[PDB]
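# Sequence first, structure after, both from an experimental entry:
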Amino acid sequence: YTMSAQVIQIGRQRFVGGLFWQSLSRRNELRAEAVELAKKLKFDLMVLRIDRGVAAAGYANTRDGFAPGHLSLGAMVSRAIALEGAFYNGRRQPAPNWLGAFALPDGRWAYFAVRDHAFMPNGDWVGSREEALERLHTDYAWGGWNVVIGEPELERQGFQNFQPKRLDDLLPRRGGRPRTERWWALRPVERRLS
Ligand SMILES: [K+]
Ligand SMILES: [K+]
Ligand SMILES: [K+]
Ligand SMILES: [K+]
Ligand SMILES: [K+]
């Protein structure tokens, strides 16, 4: 019972970071494949991230402090960036390869790393500002990134292509009111009886 997950309260919405991300084959019904992989990888909770650019599952375990109904912060940010792209190499365009770090309302930071529109396996992390920046710089060294998207203060880091962005800018809304999309929610991975 590691209980490493701590909910992120953003207004009325309860988000989580730290899912394990698994790209799917695209050869089988995506949900059924995701369920099979969850059993093998030993996770009892999942979210599906599906659109024209991605077919992936984000996984967690109840024993690690995650729960059905927790909203995937990664799912939200991933889709938001899929929708708006980013400015890099002289134009606003889709950004398949992006990294970012965002300040959270309680002082923690979220770190994201996405390649070919899909999260890297551990590219969804929440913790201290210092460790988030450390992870950011570490993945950045690999190269092949379109853009760094995140907290405006990261301007100062001197990344080649930087896109300032706050989580608040990305949340979908009803006028001023944040909307929750149901698909962000972790749901139980159904298992047959033995
Ligand atoms: K994976
Ligand atoms: K796979
Ligand atoms: K494949
Ligand atoms: K997440
Ligand atoms: K995406």
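Yep, it's here. Residues are numbered from 1 along each chain as shown. Ligands and ions are numbered 1, 2, ... in the order given.
# give me every residue that touches the residue most central in space within the chain.
For the chain, the residue nearest the mean C-alpha position is residue 74 (1.8 Å; C-alpha atoms, centre = their mean). With contacts defined as C-beta atoms under 8 Å, 6 or more residues apart in numbering, the neighbours of residue 74 are 17, 19, 21, 49, 58, 112, 119, 123-124. All C-beta spots, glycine's among them, are computed from the backbone N, C-alpha and C.
# Between which two of the residues you listed is the distance greatest?
Largest separation among the contacts of residue 74 by C-beta to C-beta: 17 and 49, giving 14.1 Å.
# Buried residues in the longest strand anywhere in the chain, which are they?
The longest strand of the chain (DSSP state E) is strand 118-127. Residues of strand 118-127 classed as buried: 118-119, 123-127 (neighbour count, 16 or more other C-beta atoms under 10 Å).
# Nearest to residue 6, out of these: which one, please.
residue 126 (7.5 Å).
# Any figure for the gap between the closest residue in space to the closest one that isn't next to it in sequence and residue 168?
Of all residues beyond its chain neighbours, the one nearest residue 126 is residue 17 (3.3 Å), with distances taken as C-beta to C-beta, 6 or more residues apart in numbering. Distance, residue 17 to residue 168, using C-beta to C-beta, to the nearest Å: 16 Å.
# ok so, going back, enumerate every residue touching the residue nearest to residue 126.
Per C-beta under 8 Å, 6+ apart, neighbours of residue 17: 8, 73-74, 110-111, 124-126.
# Just put those residues in a markdown table and tack on distance to residue 37.
Putting the contacts of residue 17 into a markdown table (distance: C-beta to C-beta, whole Å) gives the following:
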| residue | distance to residue 37 |
| --- | --- |
| 8 | 26 |
| 73 | 21 |
| 74 | 17 |
| 110 | 24 |
| 111 | 24 |
| 124 | 17 |
| 125 | 21 |
| 126 | 23 |
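# quick one: which of these is nearest to ligand 1?
Comparing these against ligand 1 with C-beta to the ion places residue 124 closest, at 11.2 Å.
# That closest one touches residue 56, doesn't it?
No - when contacts are counted by C-beta atoms under 8 Å, residue 124 is not listed as touching residue 56 (10.8 Å).
# my guess is residue 140 meets residue 148, correct?
Yes - between residue 140 and residue 148 there is a contact under C-beta under 8 Å: 7.0 Å.
# list the residues that contact both of those two?
In contact with both residue 140 and residue 148: 99, 159, using C-beta under 8 Å, 6+ apart.
# With neighbour numbers in mind, choose between those two.
Taking residue 140 and residue 148 together and counting by other C-beta atoms under 10 Å, residue 148 has the greater number of neighbours (25 against 16).
# What is the distance between the helix or strand harbouring the more buried one and the centre of its chain?
Here residue 148, judged by DSSP states H and E, is contained in strand 147-150. On the basis of C-alpha atoms, centre = their mean, to the nearest Å, strand 147-150 sits 14 Å off its chain's mean C-alpha point.
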